[PDB]
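Presented below, as C-alpha cells, is a lone chain in the form deposited in one PDB entry.
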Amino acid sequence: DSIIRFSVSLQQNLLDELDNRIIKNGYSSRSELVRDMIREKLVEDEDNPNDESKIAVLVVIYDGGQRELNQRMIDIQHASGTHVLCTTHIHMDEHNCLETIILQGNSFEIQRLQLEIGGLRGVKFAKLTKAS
C-alpha cells in the first residue's frame, strides 16, 4: 500500500500530445497527469462481458496507403464471430480513411474485434460504441 510503479506504452503521437497537455494544464510530470486521469476515469460513465447479442459501431481511422491493412481488418472481422451488418469508407484527407463498421455480437466478440483492429499497424484508432 505504498508507492508502486508500472509501465505504460504509447505511440509517439499520443506521448507528444500527453507531454503537451502536461505543460498546458500545469502538471509537473507524465506520472502525475496519468495518475489524475485514472482517478477520474474510475468514477465516471463497470460492465461485465456477457453472451447477450448487442448492436455496435466501430469507428476506425487508418492509413489508406498501408498495403494489406484492409485485408487484415477483414481477416479479423471474419474470425471475430461478430456479424458485420455493413461497412462504410470515406477519405478524410490525402492519407487517412475513416471507416464505420456496424455489427452485432456478444461482449467478448466485439471487445476482441476492437482490440485486434486497434493494434494493427496503420490504424490510427478503433473506437467502439455499443448499445444492446
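Numbering starts at 1 and runs along the sequence shown. So that the term is clear: the rigid core is the largest set of C-alpha atoms that superpose within 1.5 Å between two forms.
One more form of this protein exists, namely the form deposited in another entry; it is left out here, but the text below deals with it.
Chemist: Is the C-alpha displacement of residue 30 equal to or greater than 2 Å between this form and the one not shown once the rigid core has been superposed?
Modeler: Residue 30: C-alpha displaced by 2 Å or more between this form and the one not shown.
Chemist: Against the rigid core, is the Cα displacement of residue 10 between this form and the one not shown at least 2 Å?
Modeler: It does, since the residue 10 C-alpha is displaced 2 Å or more between this form and the one not shown after the core fit.
Chemist: After a rigid core superposition, would you say the CA of residue 92 moves by 2 angstroms or more between this form and the one not shown, or not?
Modeler: It does, since the residue 92 C-alpha is displaced 2 Å or more between this form and the one not shown after the core fit.
Chemist: At a change of 3 Å or more, would you call the C-alpha separation of residue 10 and residue 112 in that other deposited form closer or farther than in the form supplied?
Modeler: Compared with this form, residue 10 and residue 112 lie farther apart in that other deposited form.
Chemist: By 3 Å or more, the Cα spacing of residue 34 and residue 116 differs in that other deposited form; is it closer or farther than in this view?
Modeler: The answer is farther, because the C-alphas of residue 34 and residue 116 separate from each other in that other deposited form by 3 Å or more.
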